Amino acid sequence: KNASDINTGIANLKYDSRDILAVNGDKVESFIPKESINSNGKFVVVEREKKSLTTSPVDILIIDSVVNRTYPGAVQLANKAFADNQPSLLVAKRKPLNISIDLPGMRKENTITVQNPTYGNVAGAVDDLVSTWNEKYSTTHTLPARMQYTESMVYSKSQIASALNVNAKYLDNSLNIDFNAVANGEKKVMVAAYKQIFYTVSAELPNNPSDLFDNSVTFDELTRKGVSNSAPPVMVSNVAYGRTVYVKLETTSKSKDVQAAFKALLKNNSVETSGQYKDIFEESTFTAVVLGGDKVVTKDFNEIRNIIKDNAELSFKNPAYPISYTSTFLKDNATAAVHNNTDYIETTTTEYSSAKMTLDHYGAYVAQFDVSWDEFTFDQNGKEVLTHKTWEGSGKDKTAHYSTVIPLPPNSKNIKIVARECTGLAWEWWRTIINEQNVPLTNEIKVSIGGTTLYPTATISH
């Protein structure tokens, strides 16, 4: 009748997804690109850089408060408010629709058919299906661990969100990311989103869009109702239900390793007792919250694992809830993808600590140490400024047994160490026994020359 004008009208819309469905962070701004700083007693270089993060999800998140707007079979407007997690619902009288759960107990009795695909109803149809399988299959069958897992280091709300694929306020509201400390040397932080799926209800893509709507429905009704090239319609064609845990990992260290150290603490507990990265998980504290729909902080990460675990489980005590969903433009049944584009200031880090050099001479022969290093800094332009330093006794004759302690401040570089052994009288002749530049900056540098005139012994020990 005019179901024809729904198709014709709908068929007629022009748009590309990248356009109507985009999000964008606000042009970066200004930072100090290369600059040092002193914390924990470690001299810390600190670099900075704008990158372009470019997400592109087809698993649209779903915010608590705006939950009753997203349900399997619902029709919604593909527009900037969609792309922003507040989709506008497009209410209109409906033909009946088949929704079919994917629960374990692999049934042929899994499909239900809903007369009026309105939230409350659809919600209920799901609820039925759930506690069907839960009665007549609950243990007879068992749940395949399915998960949307994401983890990243945090720079801006704009970026963690975009990356973690979650909602910026919602996250910060629960976690409290001191993005600042982070923004300049004070702190290092990553966040993990454990999005656990227990099941996903799905909704029969309809051959022709008209098939979704009663006959009392006209195209004008739709357009006057929201529909336009700036905002075409999508069907909520699958909702994944489950449970979420967020984990916050933050540490005072600024060691290049804080990253991988975490990505690793997260995976398993083989690094936990293994002792690798031990100074870090000291200055690390962890936080885990469990999203509801209408939180613990401790220094023993094994409590965090426990919370993550308790939550890969369906239960009457821990009920599922919509979590992500999938949208199909009614036009051609393409999947809706929300193109994202945050910009941000990645502040990286590198620690450096003070060193204890140590000359020791046991040699049956007069000898000589040249020792020199460079102290490094970066200007108002982040250029490396090299301040050459040189060991007092450098070049002086020394007789066994001798020893001294040369302090090196944490920001040292190029080091360099010679040992000459005199090999006759006065300095008639001499041999070089220790000759090195670019000696590894390391908590202890131990030089030690020894033995005979004819057969010396010489070694740097780190």
# chains A, B, ... in the order shown; residues from 1 in each chain; ligands from 1
>>> residues_around(residues="residue 360 in chain A", least_positions_apart="5", cutoff="9 Å", atoms="only C-alpha atoms", output="JSON, numbers by chain")
{"A": [400, 401, 402, 403, 404, 446, 447, 448, 449, 450]}
>>> write_last_selection(atoms="N, CA and C atoms", output="short mmCIF file (atom, residue, chain, number, x, y, z; two decimals), in the first residue's frame")
data_model
loop_
_atom_site.label_atom_id
_atom_site.label_comp_id
_atom_site.auth_asym_id
_atom_site.auth_seq_id
_atom_site.Cartn_x
_atom_site.Cartn_y
_atom_site.Cartn_z
N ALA A 400 99.57 0.18 44.64
CA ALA A 400 98.80 -0.83 45.35
C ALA A 400 99.04 -0.64 46.83
N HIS A 401 98.00 -0.84 47.66
CA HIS A 401 96.63 -1.04 47.20
C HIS A 401 95.97 0.30 47.18
N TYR A 402 95.23 0.62 46.14
CA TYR A 402 94.51 1.91 46.13
C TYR A 402 93.04 1.69 45.82
N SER A 403 92.19 2.62 46.26
CA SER A 403 90.79 2.55 45.91
C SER A 403 90.13 3.84 46.27
N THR A 404 89.01 4.08 45.63
CA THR A 404 88.30 5.33 45.75
C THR A 404 86.89 5.05 45.30
N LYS A 446 82.39 -1.36 38.91
CA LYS A 446 83.58 -1.80 39.65
C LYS A 446 84.82 -2.12 38.79
N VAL A 447 85.74 -1.15 38.70
CA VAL A 447 87.03 -1.35 38.04
C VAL A 447 87.97 -1.96 39.06
N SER A 448 88.82 -2.86 38.60
CA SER A 448 89.79 -3.49 39.45
C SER A 448 90.94 -4.06 38.62
N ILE A 449 92.10 -3.41 38.73
CA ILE A 449 93.33 -3.83 38.06
C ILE A 449 94.18 -4.55 39.12
N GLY A 450 94.99 -5.51 38.70
CA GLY A 450 95.68 -6.38 39.64
C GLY A 450 96.89 -7.12 39.08
#
>>> residues_around(residues="residue 443 in chain A", least_positions_apart="4", cutoff="10 Å", atoms="only C-alpha atoms", output="number ranges by chain")
A: 352-357, 408, 410, 462
>>> write_last_selection(atoms="N, CA and C atoms", output="mmCIF file, in the first residue's frame")
data_model
loop_
_atom_site.group_PDB
_atom_site.id
_atom_site.type_symbol
_atom_site.label_atom_id
_atom_site.label_comp_id
_atom_site.auth_asym_id
_atom_site.auth_seq_id
_atom_site.Cartn_x
_atom_site.Cartn_y
_atom_site.Cartn_z
ATOM 1 N N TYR A 352 66.429 6.903 35.272
ATOM 2 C CA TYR A 352 67.893 6.900 35.304
ATOM 3 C C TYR A 352 68.258 7.067 36.750
ATOM 4 N N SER A 353 69.173 6.240 37.255
ATOM 5 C CA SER A 353 69.570 6.381 38.657
ATOM 6 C C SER A 353 71.075 6.467 38.878
ATOM 7 N N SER A 354 71.418 7.005 40.051
ATOM 8 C CA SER A 354 72.790 7.300 40.469
ATOM 9 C C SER A 354 73.645 6.045 40.444
ATOM 10 N N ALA A 355 74.937 6.239 40.139
ATOM 11 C CA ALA A 355 75.919 5.144 40.027
ATOM 12 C C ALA A 355 77.157 5.283 40.940
ATOM 13 N N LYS A 356 77.661 4.135 41.396
ATOM 14 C CA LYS A 356 78.811 4.038 42.306
ATOM 15 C C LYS A 356 80.013 3.408 41.614
ATOM 16 N N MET A 357 80.882 4.230 41.026
ATOM 17 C CA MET A 357 82.097 3.701 40.422
ATOM 18 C C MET A 357 83.117 3.412 41.519
ATOM 19 N N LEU A 408 78.508 9.007 40.551
ATOM 20 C CA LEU A 408 78.017 9.496 39.254
ATOM 21 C C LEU A 408 76.534 9.864 39.422
ATOM 22 N N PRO A 410 72.588 10.556 38.475
ATOM 23 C CA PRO A 410 71.820 9.641 37.657
ATOM 24 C C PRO A 410 71.828 10.057 36.207
ATOM 25 N N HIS A 462 80.006 -4.805 36.456
ATOM 26 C CA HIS A 462 78.758 -4.072 36.613
ATOM 27 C C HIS A 462 77.863 -4.686 37.693
#
>>> residues_around(residues="range 336-349 of chain A", least_positions_apart="5", cutoff="9 Å", atoms="only C-alpha atoms", output="VMD selection string")
chain A and resid 17 to 31 33 44 to 60 78 82 to 83 154 to 156 158 to 159 161 to 163 182 to 185 188 234 254 to 256 326 to 329
>>> select_by_dssp(residues="range 54-117 of chain A", states="strand (DSSP E)", output="count of residues only")
11
>>> residues_around(residues="range 386-389 of chain A", least_positions_apart="2", cutoff="9 Å", atoms="only C-alpha atoms", output="PDB file with N, CA, C and O atoms, in the first residue's frame")
ATOM      1  N   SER A 372      86.141   9.668  33.041  1.00  0.00           N
ATOM      2  CA  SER A 372      85.379  10.855  32.635  1.00  0.00           C
ATOM      3  C   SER A 372      83.974  10.499  32.141  1.00  0.00           C
ATOM      4  O   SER A 372      83.743   9.431  31.514  1.00  0.00           O
ATOM      5  N   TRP A 373      83.038  11.414  32.379  1.00  0.00           N
ATOM      6  CA  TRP A 373      81.676  11.213  31.936  1.00  0.00           C
ATOM      7  C   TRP A 373      81.013  12.506  31.527  1.00  0.00           C
ATOM      8  O   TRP A 373      81.575  13.578  31.705  1.00  0.00           O
ATOM      9  N   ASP A 374      79.806  12.384  30.980  1.00  0.00           N
ATOM     10  CA  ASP A 374      78.998  13.526  30.568  1.00  0.00           C
ATOM     11  C   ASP A 374      77.714  13.571  31.335  1.00  0.00           C
ATOM     12  O   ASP A 374      77.026  12.561  31.432  1.00  0.00           O
ATOM     13  N   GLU A 375      77.390  14.734  31.881  1.00  0.00           N
ATOM     14  CA  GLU A 375      76.101  14.912  32.508  1.00  0.00           C
ATOM     15  C   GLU A 375      75.195  15.558  31.472  1.00  0.00           C
ATOM     16  O   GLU A 375      75.590  16.521  30.785  1.00  0.00           O
ATOM     17  N   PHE A 376      73.999  14.996  31.298  1.00  0.00           N
ATOM     18  CA  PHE A 376      73.153  15.482  30.208  1.00  0.00           C
ATOM     19  C   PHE A 376      71.896  16.204  30.663  1.00  0.00           C
ATOM     20  O   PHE A 376      71.294  15.860  31.698  1.00  0.00           O
ATOM     21  N   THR A 377      71.552  17.237  29.892  1.00  0.00           N
ATOM     22  CA  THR A 377      70.335  17.996  30.084  1.00  0.00           C
ATOM     23  C   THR A 377      69.808  18.454  28.727  1.00  0.00           C
ATOM     24  O   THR A 377      70.473  18.304  27.688  1.00  0.00           O
ATOM     25  N   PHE A 378      68.589  18.990  28.759  1.00  0.00           N
ATOM     26  CA  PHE A 378      67.892  19.439  27.554  1.00  0.00           C
ATOM     27  C   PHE A 378      67.409  20.869  27.764  1.00  0.00           C
ATOM     28  O   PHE A 378      66.906  21.220  28.840  1.00  0.00           O
ATOM     29  N   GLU A 384      69.784  18.168  23.749  1.00  0.00           N
ATOM     30  CA  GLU A 384      70.657  17.556  24.730  1.00  0.00           C
ATOM     31  C   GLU A 384      71.845  18.482  24.970  1.00  0.00           C
ATOM     32  O   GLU A 384      72.624  18.738  24.043  1.00  0.00           O
ATOM     33  N   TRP A 391      87.252  13.046  36.281  1.00  0.00           N
ATOM     34  CA  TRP A 391      87.670  12.568  37.599  1.00  0.00           C
ATOM     35  C   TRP A 391      88.928  13.241  38.082  1.00  0.00           C
ATOM     36  O   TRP A 391      89.962  13.187  37.399  1.00  0.00           O
ATOM     37  N   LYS A 413      76.522   9.940  31.266  1.00  0.00           N
ATOM     38  CA  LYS A 413      76.512   9.364  29.947  1.00  0.00           C
ATOM     39  C   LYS A 413      77.881   9.436  29.246  1.00  0.00           C
ATOM     40  O   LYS A 413      78.684  10.357  29.484  1.00  0.00           O
TER      41      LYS A 413
END
>>> select_by_dssp(residues="range 126-333 of chain A", states="helix (DSSP H, G or I)", output="number ranges by chain")
A: 126-133, 157-164, 168-175, 179-183, 209-212, 219-225, 258-267, 301-310
>>> closest_residue(among="A:88, A:132, A:200, A:195", to="residue 101 in chain A", atoms="only C-alpha atoms")
A:200
>>> closest_residue(among="A:364, A:236, A:312, A:288", to="residue 90 in chain A", atoms="only C-alpha atoms")
A:236
>>> residues_around(residues="residue 189 in chain A", least_positions_apart="5", cutoff="9 Å", atoms="only C-alpha atoms", output="MDAnalysis selection string")
chainID A and resid 152:155 177:179 182 248:252 258:259
>>> write_last_selection(atoms="N, CA, C and O atoms", output="compact mmCIF listing (two decimals), in the first residue's frame")
# COMPACT_ATOMS: atom_id res chain seq x y z
N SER A 152 44.52 -0.33 27.86
CA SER A 152 45.51 0.66 27.43
C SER A 152 46.06 1.57 28.53
O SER A 152 45.52 1.68 29.65
N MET A 153 47.18 2.21 28.19
CA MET A 153 47.74 3.26 29.04
C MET A 153 46.82 4.48 28.86
O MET A 153 46.21 4.65 27.79
N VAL A 154 46.70 5.32 29.90
CA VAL A 154 45.77 6.46 29.81
C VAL A 154 46.50 7.76 29.53
O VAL A 154 47.41 8.10 30.25
N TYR A 155 46.10 8.49 28.49
CA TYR A 155 46.55 9.89 28.36
C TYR A 155 45.41 10.94 28.55
O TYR A 155 45.36 11.60 29.59
N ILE A 177 40.75 8.84 36.95
CA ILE A 177 42.06 8.94 36.34
C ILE A 177 42.68 10.36 36.47
O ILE A 177 42.31 11.29 35.74
N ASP A 178 43.62 10.50 37.41
CA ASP A 178 44.39 11.73 37.53
C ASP A 178 45.19 12.00 36.24
O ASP A 178 46.41 12.10 36.26
N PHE A 179 44.50 12.10 35.12
CA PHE A 179 45.16 12.33 33.84
C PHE A 179 46.35 13.28 33.88
O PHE A 179 47.10 13.39 32.90
N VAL A 182 49.88 11.99 35.36
CA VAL A 182 50.28 11.37 34.10
C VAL A 182 50.77 12.35 33.04
O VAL A 182 51.69 12.04 32.28
N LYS A 248 41.97 -0.64 37.25
CA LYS A 248 42.92 0.49 37.18
C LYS A 248 44.29 0.12 37.73
O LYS A 248 44.46 -0.23 38.91
N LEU A 249 45.29 0.23 36.88
CA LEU A 249 46.63 -0.07 37.31
C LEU A 249 47.47 1.19 37.26
O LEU A 249 47.71 1.73 36.16
N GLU A 250 47.90 1.68 38.43
CA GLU A 250 48.77 2.88 38.45
C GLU A 250 50.00 2.75 39.36
O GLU A 250 49.95 2.17 40.46
N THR A 251 51.12 3.29 38.89
CA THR A 251 52.34 3.23 39.67
C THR A 251 53.13 4.53 39.68
O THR A 251 53.05 5.33 38.72
N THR A 252 53.90 4.73 40.75
CA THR A 252 54.76 5.91 40.87
C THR A 252 56.02 5.81 40.01
O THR A 252 56.57 6.85 39.62
N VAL A 258 56.96 0.13 32.75
CA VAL A 258 55.69 0.10 33.48
C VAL A 258 54.64 -0.48 32.55
O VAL A 258 53.79 -1.27 32.98
N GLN A 259 54.71 -0.10 31.28
CA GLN A 259 53.79 -0.63 30.29
C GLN A 259 53.76 -2.16 30.36
O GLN A 259 52.94 -2.75 31.05
>>> atom_distance(atom1="CA of residue 417 in chain A", atom2="CA of residue 359 in chain A")
10.0 Å
